[PDB]
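Below: the structure, in structure tokens.
The numbers here are math on the coordinates, done by the rules we state, and not lab data. When we count neighbours, we look across all protein chains shown, and the Cβ atoms used for this are built from the backbone with ideal geometry, even at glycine.
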Amino acid sequence: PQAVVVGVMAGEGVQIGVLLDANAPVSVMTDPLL
Amino acid sequence: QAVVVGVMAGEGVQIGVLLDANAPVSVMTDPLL
């Protein structure tokens, strides 16, 4: 339950599978994710 | 030489730590824990 795998869409259409932290707040992840 | 980074921990708690620049991760991941 500590993490969840999800697909993230990026510029012009590339889908990438990522394993994200399930409890940190989303604003903490958007910078390193970019 | 050194670097400072935000190390995330349990339930997502944000923590700040100072690490060496040239030593490899394997020799520092033990004391960091």
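Under 5 Å between amide hydrogens, which residues at least 5 positions from A:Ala24 or on another chain qualify, with H placed 1.01 Å from N in the peptide plane?
none
As an exercise, use a Förster radius of 30 Å and the Cβ-Cβ distance of A:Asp31 and B:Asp30 to find the FRET efficiency, rounded to the nearest 0.05.
It comes out at approximately 0.60.
Once the mean 1/r over all distinct Cα pairs of the protein assembly as shown is inverted, what Kirkwood radius in angstroms do you read off?
14.3 Å is the Kirkwood radius here.
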